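Asks: Dropping in final.tsv, with TSV, C-alpha atoms and all ligand atoms.
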chain	number	residue	atom	x	y	z
A	4	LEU	CA	76.14	-17.34	32.95
A	5	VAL	CA	78.72	-16.81	35.68
A	6	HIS	CA	81.41	-14.28	34.90
A	7	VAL	CA	84.47	-15.01	37.03
A	8	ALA	CA	87.03	-12.23	37.34
A	9	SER	CA	90.38	-13.32	35.91
A	10	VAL	CA	93.35	-11.10	36.64
A	11	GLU	CA	95.26	-10.07	33.54
A	12	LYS	CA	98.22	-12.45	33.61
A	13	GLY	CA	100.91	-11.39	36.02
A	14	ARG	CA	99.46	-7.93	36.61
A	15	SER	CA	99.21	-6.20	39.96
A	16	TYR	CA	98.28	-2.84	41.41
A	17	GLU	CA	101.27	-1.05	39.91
A	18	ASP	CA	100.30	-2.08	36.38
A	19	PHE	CA	96.82	-0.68	36.81
A	20	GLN	CA	98.12	2.50	38.46
A	21	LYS	CA	100.16	3.03	35.30
A	22	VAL	CA	96.98	2.71	33.22
A	23	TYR	CA	95.18	5.05	35.63
A	24	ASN	CA	98.02	7.49	35.27
A	25	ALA	CA	97.98	7.41	31.51
A	26	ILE	CA	94.25	8.09	31.52
A	27	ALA	CA	94.69	10.86	34.02
A	28	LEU	CA	97.54	12.50	32.09
A	29	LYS	CA	95.50	12.42	28.88
A	30	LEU	CA	92.55	13.90	30.73
A	31	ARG	CA	94.77	16.73	31.77
A	32	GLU	CA	96.31	17.20	28.30
A	33	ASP	CA	93.20	16.90	26.12
A	34	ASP	CA	91.44	19.74	27.83
A	35	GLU	CA	89.70	21.40	24.88
A	36	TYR	CA	87.04	18.76	24.34
A	37	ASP	CA	83.43	19.83	24.70
A	38	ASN	CA	84.14	23.53	25.06
A	39	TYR	CA	86.81	22.90	27.63
A	40	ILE	CA	84.74	20.62	29.77
A	41	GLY	CA	87.30	17.95	28.98
A	42	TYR	CA	86.73	14.19	28.78
A	43	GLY	CA	86.01	13.55	32.47
A	44	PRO	CA	82.22	13.53	32.24
A	45	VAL	CA	81.96	11.47	29.09
A	46	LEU	CA	84.35	8.90	30.57
A	47	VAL	CA	82.16	8.64	33.65
A	48	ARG	CA	79.15	8.20	31.41
A	49	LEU	CA	80.98	5.59	29.33
A	50	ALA	CA	81.74	3.58	32.46
A	51	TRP	CA	78.11	3.79	33.50
A	52	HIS	CA	76.57	2.92	30.17
A	53	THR	CA	78.95	-0.01	29.64
A	54	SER	CA	77.90	-1.28	33.10
A	55	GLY	CA	74.26	-0.26	33.02
A	56	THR	CA	73.12	-2.73	30.43
A	57	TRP	CA	73.26	-5.34	33.18
A	58	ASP	CA	70.16	-7.40	33.95
A	59	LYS	CA	70.24	-9.00	37.43
A	60	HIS	CA	67.74	-11.59	36.29
A	61	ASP	CA	70.02	-13.41	33.89
A	62	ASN	CA	73.40	-11.70	34.19
A	63	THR	CA	73.27	-10.44	30.62
A	64	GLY	CA	75.05	-7.18	29.77
A	65	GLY	CA	77.19	-5.53	32.48
A	66	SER	CA	80.75	-4.35	32.53
A	67	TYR	CA	82.47	-7.74	32.40
A	68	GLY	CA	82.56	-8.41	28.68
A	69	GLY	CA	83.52	-4.97	27.34
A	70	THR	CA	80.91	-5.36	24.63
A	71	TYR	CA	80.65	-1.62	23.80
A	72	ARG	CA	83.50	-2.32	21.36
A	73	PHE	CA	80.94	-4.13	19.13
A	74	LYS	CA	78.83	-2.09	16.70
A	75	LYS	CA	75.38	-3.06	18.06
A	76	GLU	CA	76.26	-1.51	21.41
A	77	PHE	CA	78.46	1.41	20.29
A	78	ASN	CA	75.66	2.38	17.91
A	79	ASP	CA	72.93	2.20	20.52
A	80	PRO	CA	71.11	5.52	20.25
A	81	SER	CA	71.29	5.69	24.03
A	82	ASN	CA	75.09	5.77	23.69
A	83	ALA	CA	75.24	8.69	21.25
A	84	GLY	CA	78.37	10.71	22.03
A	85	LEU	CA	80.18	8.01	24.01
A	86	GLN	CA	82.34	7.33	20.94
A	87	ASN	CA	84.33	10.34	22.15
A	88	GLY	CA	85.20	8.48	25.35
A	89	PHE	CA	86.06	5.38	23.39
A	90	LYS	CA	88.35	7.34	21.05
A	91	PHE	CA	90.03	8.94	24.09
A	92	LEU	CA	90.73	5.50	25.49
A	93	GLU	CA	92.07	4.09	22.24
A	94	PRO	CA	95.67	5.27	22.64
A	95	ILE	CA	95.52	4.11	26.25
A	96	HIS	CA	94.54	0.65	25.11
A	97	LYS	CA	97.26	0.69	22.47
A	98	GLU	CA	99.86	1.46	25.12
A	99	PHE	CA	98.48	-1.15	27.48
A	100	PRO	CA	97.09	-3.83	25.21
A	101	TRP	CA	96.97	-6.36	28.03
A	102	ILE	CA	94.10	-4.64	29.84
A	103	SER	CA	90.65	-6.01	29.08
A	104	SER	CA	88.08	-3.70	27.44
A	105	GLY	CA	85.71	-3.87	30.44
A	106	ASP	CA	88.55	-3.15	32.80
A	107	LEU	CA	89.55	-0.14	30.69
A	108	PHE	CA	86.04	1.32	30.29
A	109	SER	CA	85.33	0.98	34.01
A	110	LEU	CA	88.77	2.23	35.02
A	111	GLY	CA	88.22	5.26	32.79
A	112	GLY	CA	85.23	6.16	34.94
A	113	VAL	CA	87.04	5.68	38.21
A	114	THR	CA	89.98	7.67	36.97
A	115	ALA	CA	87.72	10.48	35.76
A	116	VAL	CA	85.82	10.74	39.02
A	117	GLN	CA	88.99	10.82	41.09
A	118	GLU	CA	90.89	13.20	38.87
A	119	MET	CA	87.86	15.53	39.00
A	120	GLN	CA	88.37	15.64	42.78
A	121	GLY	CA	85.62	13.17	43.52
A	122	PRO	CA	85.72	10.37	46.05
A	123	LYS	CA	88.14	7.49	45.79
A	124	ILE	CA	86.42	4.61	44.05
A	125	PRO	CA	87.89	1.18	44.84
A	126	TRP	CA	88.29	-0.74	41.64
A	127	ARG	CA	88.83	-4.42	40.91
A	128	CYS	CA	90.44	-5.91	37.84
A	129	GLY	CA	89.59	-9.09	36.06
A	130	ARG	CA	86.85	-8.33	33.52
A	131	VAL	CA	87.39	-10.58	30.46
A	132	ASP	CA	86.40	-9.72	26.91
A	133	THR	CA	83.47	-11.79	25.66
A	134	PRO	CA	82.45	-12.34	22.02
A	135	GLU	CA	80.25	-10.24	19.77
A	136	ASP	CA	77.18	-12.38	20.31
A	137	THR	CA	77.26	-11.57	24.05
A	138	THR	CA	76.56	-7.92	23.33
A	139	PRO	CA	73.26	-6.90	24.90
A	140	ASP	CA	70.57	-5.46	22.65
A	141	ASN	CA	69.81	-1.78	22.59
A	142	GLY	CA	67.13	-0.50	24.92
A	143	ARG	CA	68.51	-1.38	28.35
A	144	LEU	CA	69.60	2.16	29.28
A	145	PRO	CA	67.08	4.55	30.76
A	146	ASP	CA	64.79	7.11	29.18
A	147	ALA	CA	65.00	10.68	30.50
A	148	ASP	CA	61.41	11.81	29.88
A	149	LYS	CA	59.93	9.70	32.70
A	150	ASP	CA	58.89	9.99	36.33
A	151	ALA	CA	60.09	8.73	39.68
A	152	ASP	CA	58.19	5.48	39.42
A	153	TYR	CA	59.98	4.79	36.14
A	154	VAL	CA	63.34	5.60	37.64
A	155	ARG	CA	62.79	3.43	40.70
A	156	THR	CA	61.57	0.45	38.66
A	157	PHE	CA	64.34	0.91	36.10
A	158	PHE	CA	67.08	0.72	38.68
A	159	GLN	CA	65.70	-2.38	40.37
A	160	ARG	CA	67.02	-4.25	37.34
A	161	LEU	CA	70.50	-3.04	38.31
A	162	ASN	CA	69.81	-4.06	41.92
A	163	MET	CA	69.94	-0.41	43.08
A	164	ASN	CA	67.76	0.91	45.93
A	165	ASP	CA	66.55	4.46	46.47
A	166	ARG	CA	69.72	5.67	48.15
A	167	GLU	CA	71.91	4.11	45.51
A	168	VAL	CA	69.85	5.67	42.74
A	169	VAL	CA	69.88	9.14	44.23
A	170	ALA	CA	73.62	8.87	44.89
A	171	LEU	CA	74.38	7.69	41.41
A	172	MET	CA	72.32	10.48	39.89
A	173	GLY	CA	74.70	12.99	41.53
A	174	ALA	CA	77.06	12.28	38.62
A	175	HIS	CA	74.79	14.63	36.67
A	176	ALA	CA	76.77	17.42	38.26
A	177	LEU	CA	79.17	16.57	35.50
A	178	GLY	CA	79.27	17.58	31.84
A	179	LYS	CA	76.07	18.50	30.06
A	180	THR	CA	73.20	17.41	27.89
A	181	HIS	CA	73.75	17.94	24.16
A	182	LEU	CA	70.71	18.44	21.98
A	183	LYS	CA	71.94	16.47	19.02
A	184	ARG	CA	72.86	13.60	21.25
A	185	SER	CA	69.91	13.06	23.61
A	186	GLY	CA	67.33	15.68	22.65
A	187	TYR	CA	68.16	17.65	25.83
A	188	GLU	CA	70.42	20.67	26.09
A	189	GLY	CA	72.40	22.34	28.86
A	190	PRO	CA	74.57	21.73	31.90
A	191	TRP	CA	73.15	20.85	35.30
A	192	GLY	CA	75.36	23.37	37.11
A	193	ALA	CA	78.43	25.52	37.12
A	194	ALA	CA	81.05	23.03	38.36
A	195	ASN	CA	80.70	20.52	35.59
A	196	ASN	CA	84.21	19.04	35.52
A	197	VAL	CA	84.75	19.06	39.25
A	198	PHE	CA	82.93	16.33	41.20
A	199	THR	CA	80.78	17.88	43.91
A	200	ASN	CA	77.27	17.59	45.35
A	201	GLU	CA	76.09	20.54	43.23
A	202	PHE	CA	73.41	18.49	41.48
A	203	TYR	CA	71.45	18.20	44.73
A	204	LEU	CA	71.93	21.83	45.70
A	205	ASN	CA	70.73	22.98	42.30
A	206	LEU	CA	67.72	20.71	42.42
A	207	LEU	CA	66.66	22.19	45.70
A	208	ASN	CA	67.73	25.76	45.31
A	209	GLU	CA	67.26	26.89	41.73
A	210	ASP	CA	64.00	28.27	40.47
A	211	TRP	CA	63.04	25.69	37.84
A	212	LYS	CA	60.66	26.30	34.93
A	213	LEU	CA	59.28	23.50	32.76
A	214	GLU	CA	60.16	24.51	29.22
A	215	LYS	CA	60.43	22.91	25.82
A	216	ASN	CA	63.84	22.77	24.20
A	217	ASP	CA	64.57	23.11	20.50
A	218	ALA	CA	64.05	19.34	20.00
A	219	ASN	CA	60.48	19.79	21.33
A	220	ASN	CA	61.21	17.91	24.56
A	221	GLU	CA	60.34	19.17	28.00
A	222	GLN	CA	63.12	19.88	30.47
A	223	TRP	CA	63.45	21.97	33.61
A	224	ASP	CA	65.45	25.17	33.15
A	225	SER	CA	66.77	27.85	35.50
A	226	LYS	CA	67.65	31.51	34.97
A	227	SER	CA	71.28	30.56	35.84
A	228	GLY	CA	71.40	28.60	32.61
A	229	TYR	CA	71.11	25.16	34.17
A	230	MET	CA	68.77	22.30	33.33
A	231	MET	CA	67.38	19.14	34.81
A	232	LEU	CA	65.93	16.19	32.93
A	233	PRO	CA	62.45	15.02	33.87
A	234	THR	CA	64.10	12.03	35.55
A	235	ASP	CA	66.38	14.31	37.55
A	236	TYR	CA	63.43	16.44	38.62
A	237	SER	CA	61.58	13.30	39.65
A	238	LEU	CA	64.05	13.07	42.56
A	239	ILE	CA	62.39	16.05	44.20
A	240	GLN	CA	58.84	15.18	43.17
A	241	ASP	CA	58.97	11.81	44.93
A	242	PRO	CA	59.03	12.26	48.70
A	243	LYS	CA	61.37	9.31	49.30
A	244	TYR	CA	63.91	10.56	46.81
A	245	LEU	CA	63.49	14.10	48.09
A	246	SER	CA	64.66	13.19	51.59
A	247	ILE	CA	67.83	11.69	50.17
A	248	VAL	CA	68.46	14.62	47.88
A	249	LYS	CA	68.29	16.89	50.92
A	250	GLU	CA	70.72	14.62	52.77
A	251	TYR	CA	73.31	14.82	50.02
A	252	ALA	CA	72.75	18.57	49.51
A	253	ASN	CA	73.64	18.93	53.18
A	254	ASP	CA	76.54	16.50	53.56
A	255	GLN	CA	79.22	16.38	50.88
A	256	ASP	CA	81.18	13.62	52.62
A	257	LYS	CA	78.10	11.42	52.84
A	258	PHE	CA	77.42	11.92	49.17
A	259	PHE	CA	81.04	11.04	48.36
A	260	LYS	CA	80.95	7.88	50.42
A	261	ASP	CA	77.62	6.70	49.11
A	262	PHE	CA	78.48	7.54	45.52
A	263	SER	CA	81.73	5.62	45.78
A	264	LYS	CA	79.99	2.51	47.01
A	265	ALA	CA	77.19	2.70	44.49
A	266	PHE	CA	79.50	3.40	41.58
A	267	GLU	CA	81.81	0.54	42.47
A	268	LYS	CA	78.80	-1.67	42.77
A	269	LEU	CA	77.49	-0.56	39.36
A	270	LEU	CA	80.86	-1.28	37.82
A	271	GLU	CA	81.03	-4.71	39.48
A	272	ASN	CA	77.38	-6.07	38.87
A	273	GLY	CA	77.55	-9.37	37.29
A	274	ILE	CA	81.08	-10.27	38.23
A	275	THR	CA	82.02	-13.04	40.57
A	276	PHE	CA	85.30	-12.35	42.39
A	277	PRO	CA	87.08	-15.52	43.55
A	278	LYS	CA	87.77	-15.73	47.28
A	279	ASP	CA	91.47	-15.30	46.54
A	280	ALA	CA	91.15	-12.43	44.10
A	281	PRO	CA	93.18	-9.32	44.91
A	282	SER	CA	91.55	-6.81	47.20
A	283	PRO	CA	90.11	-3.76	45.43
A	284	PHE	CA	92.67	-1.23	44.34
A	285	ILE	CA	92.56	2.40	45.43
A	286	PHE	CA	94.53	4.40	42.93
A	287	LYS	CA	96.45	7.48	43.86
A	288	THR	CA	95.55	10.58	41.89
A	289	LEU	CA	98.20	12.34	39.82
A	290	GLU	CA	98.16	15.05	42.44
A	291	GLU	CA	98.79	12.59	45.24
A	292	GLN	CA	101.76	11.20	43.26
A	293	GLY	CA	103.21	14.63	42.51
A	294	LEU	CA	102.64	14.04	38.79
B	301	LIG	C1	67.44	7.68	35.17
B	301	LIG	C2	68.82	7.60	34.88
B	301	LIG	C3	69.54	8.45	33.97
B	301	LIG	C4	69.09	9.06	32.85
B	301	LIG	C5	67.73	9.02	32.18
B	301	LIG	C6	70.19	9.78	32.30
B	301	LIG	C7	70.15	10.56	31.16
B	301	LIG	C8	71.18	11.36	30.66
B	301	LIG	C9	71.09	12.13	29.45
B	301	LIG	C10	69.88	12.29	28.55
B	301	LIG	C11	72.34	12.68	29.31
B	301	LIG	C12	72.79	13.67	28.28
B	301	LIG	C13	73.52	12.93	27.14
B	301	LIG	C14	73.96	13.98	26.16
B	301	LIG	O1	73.10	14.67	25.52
B	301	LIG	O2	75.18	14.12	25.99
B	301	LIG	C15	73.18	12.27	30.38
B	301	LIG	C16	74.47	12.69	30.58
B	301	LIG	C17	75.29	12.19	31.61
B	301	LIG	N1	74.94	11.21	32.50
B	301	LIG	FE1	73.16	10.37	32.76
B	301	LIG	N2	71.33	9.60	33.07
B	301	LIG	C18	70.96	8.77	34.11
B	301	LIG	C19	71.81	8.21	35.04
B	301	LIG	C20	73.18	8.47	35.13
B	301	LIG	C21	74.07	7.77	36.03
B	301	LIG	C22	73.57	6.66	36.92
B	301	LIG	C23	75.31	8.26	35.80
B	301	LIG	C24	76.58	7.83	36.33
B	301	LIG	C25	76.78	7.51	37.66
B	301	LIG	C26	75.19	9.26	34.77
B	301	LIG	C27	76.21	10.05	34.30
B	301	LIG	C28	76.10	10.98	33.25
B	301	LIG	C29	77.14	11.91	32.85
B	301	LIG	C30	78.47	11.98	33.57
B	301	LIG	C31	76.63	12.67	31.85
B	301	LIG	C32	77.27	13.79	31.08
B	301	LIG	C33	77.93	13.25	29.80
B	301	LIG	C34	78.66	14.31	29.00
B	301	LIG	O3	78.79	15.48	29.40
B	301	LIG	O4	79.15	13.95	27.89
B	301	LIG	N3	73.86	9.37	34.34
B	301	LIG	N4	72.45	11.43	31.22
Can I see the file as structure tokens?
Replies:
Amino acid sequence: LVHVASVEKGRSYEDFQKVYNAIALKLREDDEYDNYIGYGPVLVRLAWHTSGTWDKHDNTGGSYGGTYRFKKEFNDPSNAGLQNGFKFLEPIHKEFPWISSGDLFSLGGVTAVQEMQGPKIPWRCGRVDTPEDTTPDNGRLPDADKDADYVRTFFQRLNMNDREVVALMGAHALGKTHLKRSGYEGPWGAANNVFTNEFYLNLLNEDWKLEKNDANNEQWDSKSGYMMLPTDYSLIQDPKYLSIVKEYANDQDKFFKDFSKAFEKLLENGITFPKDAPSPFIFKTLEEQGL
């Protein structure tokens, strides 16, 4: 199965900047969500989980088909809580019914990262909705109770290498774990709706204790009130990951650049872009537009 990007008919960068802007304005307006964290983090996670079902071996799953809109995928236990991101995007989709579902879920993530003062993420249009029977089964998203070997093997299926994995994991600066959702509870740091390299700094610099949470799962906790999942912590247990963690803890620009590449890549696995497709779009933030 080849998934060829097909530009929404007649649309160009300005159309997608309008969708960006509507997402960004709603992010600003709907600020109460999740104890005033706002929707940025869950939109980033929605973009990732709608992309992260991809299997490089047969091109099943991935962002192209926008299959989260079907019940098998929106009810995946791994996706618990993402319905909030979907509901956020619903009025956006109503205003801009021409955008494909995959384009909207992925654009939500881009918009969230950028509006949270993260790197620019080039974004390409052209995902096309595919039918219900193309929805990938549950079980393709990763478990959090595992070690570095698990993480490394997991991400090979998404064609991500060590650097790409460690970079992508930096998104765990954002938002928080919610016990009733994942069986883990707590934020990873203080700046959880501003995109920074804090995840790496906290991994290296906090004093972590292995504790059990109220769902009886182990997680790493600090006196500052932060947590790390076992898979997060694996990034400093594994010496290869550790080197990269230290790199990003010590160079914010490098983290931004590597995250941007890896996140675009994640959002684009599985999609074939024709030679004459538009170049990737770099959207202006609301701030850059004076909006
Ligand atoms: C080994 C890989 C990963 C595992 C096991 C993992 C696991 C988790 C878990 C258990 C949660 C908490 C869900 C909840 O209780 O609300 C979470 C939240 C989150 N994850 Fe991941 N994650 C991984 C990779 C990633 C990647 C690659 C990204 C995106 C680049 C990402 C972005 C997020 C965000 C932004 C949140 C916060 C969501 C919110 O506040 O609503 N994660 N992750």
Asks: Within 12 Å of (93.9, 16.3, 25.2), only C-alpha atoms: residues as a list in words?
Replies: residues 25, 26, 27, 28, 29, 30, 31, 32, 33, 34, 35, 36, 37, 39, 40, 41, 42, 43, 87, 88, 90, 91, 92 and 94 of chain A
Asks: Could you save the residues just selected, with C-alpha atoms, as a compact mmCIF listing (two decimals), keeping the file's coordinate frame?
Replies:
# COMPACT_ATOMS: atom_id res chain seq x y z
CA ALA A 25 97.98 7.41 31.51
CA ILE A 26 94.25 8.09 31.52
CA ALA A 27 94.69 10.86 34.02
CA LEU A 28 97.54 12.50 32.09
CA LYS A 29 95.50 12.42 28.88
CA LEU A 30 92.55 13.90 30.73
CA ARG A 31 94.77 16.73 31.77
CA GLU A 32 96.31 17.20 28.30
CA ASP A 33 93.20 16.90 26.12
CA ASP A 34 91.44 19.74 27.83
CA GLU A 35 89.70 21.40 24.88
CA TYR A 36 87.04 18.76 24.34
CA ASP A 37 83.43 19.83 24.70
CA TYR A 39 86.81 22.90 27.63
CA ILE A 40 84.74 20.62 29.77
CA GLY A 41 87.30 17.95 28.98
CA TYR A 42 86.73 14.19 28.78
CA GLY A 43 86.01 13.55 32.47
CA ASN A 87 84.33 10.34 22.15
CA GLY A 88 85.20 8.48 25.35
CA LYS A 90 88.35 7.34 21.05
CA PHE A 91 90.03 8.94 24.09
CA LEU A 92 90.73 5.50 25.49
CA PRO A 94 95.67 5.27 22.64
Asks: With all atoms listed in the file as the basis for distance, which of A:254, A:76, A:241, A:106 is at the shortest distance from residue A:19?
Replies: A:106
Asks: If the limit is 7 Å from any atom of ligand LIG 301 (chain B), counting only C-alpha atoms and all ligand atoms, which residues qualify? Return them as a VMD selection string.
Replies: chain A and resid 44 to 45 47 to 48 51 84 145 to 147 154 168 171 to 172 174 to 175 177 to 188 234 266
Asks: Any idea what's packed within 10 Å of residue A:89, counting only C-alpha atoms, ignoring anything in its chain fewer than 6 positions away? Could you give it as a ChimeraX atom specification?
Replies: /A:45-46,49,71-72,77,95-96,107-108,111
Asks: Could you give me, as an MDAnalysis selection string, the residues within 8 Å of residue A:148, counting all atoms listed in the file and dropping anything in the same chain fewer than 3 positions from it?
Replies: chainID A and resid 221 232:234
